[PDB]
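See structure below.
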Amino acid sequence: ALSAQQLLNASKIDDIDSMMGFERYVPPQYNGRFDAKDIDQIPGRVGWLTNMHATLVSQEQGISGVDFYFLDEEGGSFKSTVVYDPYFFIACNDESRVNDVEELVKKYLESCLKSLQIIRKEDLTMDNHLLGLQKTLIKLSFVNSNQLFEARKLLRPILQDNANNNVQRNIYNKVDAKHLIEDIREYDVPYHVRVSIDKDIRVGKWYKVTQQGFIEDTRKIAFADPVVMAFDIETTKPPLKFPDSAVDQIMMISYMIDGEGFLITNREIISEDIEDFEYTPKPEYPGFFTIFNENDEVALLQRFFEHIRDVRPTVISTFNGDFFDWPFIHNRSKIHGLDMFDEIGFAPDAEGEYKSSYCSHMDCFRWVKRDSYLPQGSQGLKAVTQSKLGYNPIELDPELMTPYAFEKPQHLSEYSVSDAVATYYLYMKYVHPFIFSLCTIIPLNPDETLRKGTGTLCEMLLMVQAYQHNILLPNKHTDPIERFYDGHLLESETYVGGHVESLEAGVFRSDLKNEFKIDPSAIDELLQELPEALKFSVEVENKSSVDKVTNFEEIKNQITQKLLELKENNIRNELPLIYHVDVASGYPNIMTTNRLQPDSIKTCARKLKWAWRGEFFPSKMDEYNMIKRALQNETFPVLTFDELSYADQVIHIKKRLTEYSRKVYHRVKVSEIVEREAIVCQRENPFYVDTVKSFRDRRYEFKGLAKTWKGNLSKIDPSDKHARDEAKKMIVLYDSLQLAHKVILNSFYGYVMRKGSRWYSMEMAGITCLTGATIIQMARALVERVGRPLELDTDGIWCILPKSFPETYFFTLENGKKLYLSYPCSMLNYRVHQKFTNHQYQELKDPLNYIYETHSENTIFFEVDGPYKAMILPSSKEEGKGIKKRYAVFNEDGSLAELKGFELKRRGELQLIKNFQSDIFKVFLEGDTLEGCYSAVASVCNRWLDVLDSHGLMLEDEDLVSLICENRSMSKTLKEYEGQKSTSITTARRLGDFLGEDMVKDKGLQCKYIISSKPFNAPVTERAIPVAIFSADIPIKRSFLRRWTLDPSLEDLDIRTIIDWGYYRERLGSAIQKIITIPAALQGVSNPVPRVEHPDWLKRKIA
DNA sequence: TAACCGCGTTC
DNA sequence: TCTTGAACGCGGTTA
Ligand SMILES: Nc1ncnc2c1ncn2[C@H]1C[C@H](O)[C@@H](COP(=O)(O)OP(=O)(O)OP(=O)(O)O)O1
Ligand SMILES: [Ca+2]
Ligand SMILES: [Ca+2]
Ligand SMILES: [Fe+3]
């Protein structure tokens, strides 16, 4: 009888909705026809849909429905409710007796079943479905979702009893109605998702809510303007510890409402009363802040809640407020006798996040984590602000925040205000357009669209297409607890992914010549291919015709000439062209080209290859069962082995099968790779393929607008500062949008391996990867015969080409326009489209007679960027090994184009190494010769080497603690690391012993540590000191370092005598080895930093 | 030496 | 409850 709690919540929410301007609107009745063409004549109210939530109504037992929250055209708001019977299907293993099952379930489920009906859907796993045969199903409908769940608990025993055997009757011997029910289907669709899909309603669109239903008003283009508030709180904190919502108070709540800044203060903690000030960190971000200097903390909370209730916001934005700000305000409200739910309608939900019915909570940190495409080291609000808004917000050390309420109150008021400015404007410029536009195609509310994984987002879009094509949803995938290969227990199985090669290291600049040896037969091939490749660049790449171009021969003659000149002199020493070629939407286009989709893996048969890789124990079956019977006889946490769960059973089996295999085979795990083939039907209902093609086209629009505005900008004179400032803003705006669509797009590839995937196919994912590896290696084979490829990753190639190699040309058409042509790009694309096009792609031409056509499909194109000014690739310390996924590339104007992989970019590495790498990549541009180039990097190296060889005596204390520090995050809590050794685990354990157990209470703690010299010759994980120790009082300090260095002798407590300076001298040393010296050796110049000795294998090679 | 792990990247 | 994939670098431990 849980409807009590549910019907109550609906009443409470209904009243909270009314207080915030959302009273349930019921449209006037209409007896005329229901056509969208006469929208202006049908009685009703038009609004912009801003939110939606499942609810229970009481005949206006509970009745399932969805509240839809609207903003109307006349500055007001309202909500409307649609009711819809929840439902799922019953499948039968013989469609001749469906009416018998129908009579069974009508009586078996009569306690909760509302109505019943036989319907037909298309089953993609059913024979003859491509000819029109459909699966017959029983549609069970219910009054509310509680009744649906009851029928599930009632049907599950039947489904489990039919999968078990039968019973002991006359052993000397038409089937029961219960054994005919094969499975239940579409039983786990969220209700409001079910309503959103079935009724074709989306947040962000305009509707007219009439008696017949919602009529989309396609005349209304732009989004309505909700009132948006972003807030940030600041609280007191113990020195070197974390805020505790029990003890610590809230100093101030800064916020902003549609541009107007505000600030509530807690005069009981903030010493002064602050006057109205301004923070406009850039002209485009005004920030006039009105302050509410209040007395008590209760006064502060009550003004915040009162201000919320009066402005009536439908969007409240925060930065990580879901797991700090909101629970802090809620805990302070409870302590102070204020129920936050009665006040503002917010409350925690099942995941601990804070939501409301009328107002979406947009935690910008969720957007940053999923869609911003920033590295984790740049996901703090400070880095996000300078990357996305283009300015540096106000900083100050958090250790000084609790004191500065008393000492420098105005400065700390400026910080809290800058956080509110950065949060509000990042939401309005980035989070708000993206998520609300996303809601128009994904059947979720803004809160869910922001937070769900990209795989779940893909699943939502796929369920819309499947439903609209009457395709039965597959049930969620389930992986078996045990799988075997050749009798061996499998520990993990997967496929071979992308192909990555590190081919050359060192420095390559457009002003420094390189030596090329051009394969003459390679130029022979491109000459034979040149006529049809230029036609390909004209007709396929630029979608034109050779008839309308006027310099086809002139450009063909210009390329053949250069082609021929480079064939005669195949040995050259010229300046290079630093180029990058990269397939646009590689895996998506590989899928759509070959018609890849889970339901297509089974002449409509396209056989494509993939590579399965398995990891299994060396033990065979004879030893498996031996360990099992052993584990069976032992006791467990009062319980037997067979009385455990199958999961806990295999847990113990795996633990004891690792120990055995180690002591008998010397190994614990064997890996093997087998080439597998799969049949890809080229006629299957392409609802999956088409969904990918649609979203890829969606992303392509923003990707092309970024390229346009990168062109509009360079065509603007450097003097027009305002024009070029606005062009650069659209550039970062469209780059952000296309990057936000990139992860969702590629999750269509990843979704086929996601746990619980409705369309799981390991085969399809492997085929995509192997096909990509085959294309990118064919491209390398041509580049290595024409130039020198430097690095290669999955679908991209960094290479240098002779300056004499044919480069960029522009066709001219009789219109007067121009067609762009990059010959290094089109020469590869022509080969792409000669060796990899799918000539077996089929589509329904006549659906009524089920006749198909067969056409040729290939949307795989390399895209080129460059030529660049410099590329700097590091080398490995070990002989012959390269360094993949790490380099630096610079533009012609000297700016950094790409910085990939290096510690400078990663979250929390050795800070000294970050500043070193930061100071050094710029200087690889200096110098006039390659040897002179390496001397400029040598000087900055020797500067950093000097700081360490001097034991940091040439830096002030605070710069030293900043420099030698290393920060590392612990993804889990310490207790989850039992049995493991690490510098983070040590730092966290020592932080807990000195600062208290509550320091490790939560996951994600940043362990900032220093590595001590003593105890000597001890493992490095034992000498990691929390840097917090040196800010504690001298008694508390000394006791712990004496403890941690095992030196009761010790009282020279200064950092410079504790640090293992030789350790950091090695860390910097190998950094200098990999970036500077070892690549310099591989380019043939003597060690530019002789204070960093070469490897023994490298010295021997120099002989 | 080589297998192995956690973190965080590049695709 | 939720829940895209694999390849890779590096500091560190372990067999
Ligand atoms: N985040 C991801 N999740 C799943 N697969 C990914 C992800 N990122 C990259 N991949 C895979 C699929 C991509 O097609 C393939 C090539 O990477 P990349 O070239 O960076 O993306 P892309 O080719 O789709 O975009 P672009 O058009 O910008 O090159 O790597
Ligand atoms: Ca803050
Ligand atoms: Ca790509
Ligand atoms: Fe087929």
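No hydrogens, no waters, no symmetry mates; every other heavy atom, side chains included, goes into these values. Convention: sequence-line order gives letters A, B, ...; per-chain numbering from 1.
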Within this structure, what is the [atom1]-to-[atom2] distance between [X] and [N], rounded to whole angstrom?
X	N	atom1	atom2	result
A:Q376	B:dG6	CD	P	16 Å
A:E615	B:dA3	CD	P	12 Å
A:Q917	C:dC10	CD	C1'	12 Å
A:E909	C:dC10	CD	P	10 Å
A:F902	C:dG11	CZ	P	13 Å
A:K369	C:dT4	NZ	P	13 Å
A:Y665	B:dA2	OH	P	24 Å
A:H477	C:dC2	NE2	P	19 Å

Could you check which of [options] has an atom nearest any side-chain atom of [X]?
X	options	answer
A:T1021	B:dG8, C:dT13, C:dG9	C:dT13
A:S969	B:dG8, C:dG9, C:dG5	B:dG8
A:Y977	C:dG9, C:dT3, B:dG6	B:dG6
A:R613	C:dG11, C:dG5, C:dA7	C:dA7
A:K884	B:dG8, B:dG6, C:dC8	C:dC8
A:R662	B:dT9, C:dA15, C:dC8	C:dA15
A:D793	B:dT10, C:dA6, C:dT3	B:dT10
A:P1019	C:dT13, C:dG5, B:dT10	C:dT13
A:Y495	C:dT4, C:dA6, C:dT13	C:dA6
A:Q980	B:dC5, C:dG9, C:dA15	B:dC5

Distance test, side-chain N/O of [X] to OP1/OP2 of [N], below 4.0 Å:
X	N	answer
A:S971	B:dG6	no
A:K972	B:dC7	no
A:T456	C:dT3	yes
A:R906	B:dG8	no
A:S982	B:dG6	no
A:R907	B:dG8	yes
A:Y1063	C:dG12	yes
A:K1074	C:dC10	yes

For B:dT9, the sugar region implied by its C1'-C2'-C3'-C4' torsion sign:
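On the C3'-endo side: north.
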
Pseudorotation half of C:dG5 (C1'-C2'-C3'-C4': positive north, negative south)
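It is north, as the sign of the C1'-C2'-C3'-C4' dihedral turns out positive.
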
Results of salt bridge (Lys or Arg N to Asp or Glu O under 4.0 Å) for A:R758 - residues two or more places apart only:
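Only A:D188, A:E459 meet the salt bridge (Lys or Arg N to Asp or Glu O under 4.0 Å) criterion with A:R758.
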
What residues, two or more places apart in sequence or in another chain, satisfy salt bridge (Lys or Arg N to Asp or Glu O under 4.0 Å) together with A:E863?
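Expected list: A:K703.
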
Do [X] and [Y] meet the cation-pi criteria used here (NZ or CZ under 6.0 Å from the six-membered ring centre, within 45° of the axis)?
X	Y	answer
A:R906	A:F902	no
A:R696	A:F748	no
A:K972	A:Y977	yes

Between C:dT3 and A:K755, counting only base atoms on the nucleotide and side-chain atoms on the residue, is there a donor-acceptor pair under 3.5 Å?
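Side chain to base: no pair below 3.5 Å.
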
Does a distance-only test, which skips hydrogens and angles, find a donor-acceptor pair under 3.5 Å between the side chain of A:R886 and the base of C:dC8?
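Checked by distance alone, the answer is no.
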
Heavy-atom closest pair, residues A:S585 and A:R699
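Nearest pair, atom of A:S585 first, then A:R699: OG-NH1, 3.1 Å.
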
With heavy atoms under 4.0 Å as the rule, sort [X] into base, sugar-phosphate or nothing.
X	answer
A:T454	base
A:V496	sugar-phosphate
A:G586	nothing
A:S757	nothing
A:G750	base

Scan A:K884, A:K885, A:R780, A:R886 and name whichever one has a salt bridge (charged side-chain N to carboxylate O under 4.0 Å, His left out) with A:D793.
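Result: among A:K884, A:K885, A:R780, A:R886, A:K885 is the only option passing the salt bridge (charged side-chain N to carboxylate O under 4.0 Å, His left out) with A:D793.
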
Residue mapping more 5' on DNA chain C - nearest nucleotide basis, A:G756 or A:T494
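Closest to the 5' end, via its nearest nucleotide, is A:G756.
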
Less than 3.5 Å apart, any donor N or O on the side chain of A:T1021 or A:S982 sitting next to an acceptor on the other?
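Checked: A:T1021/A:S982 side chains show no N/O donor-acceptor pair below 3.5 Å.
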
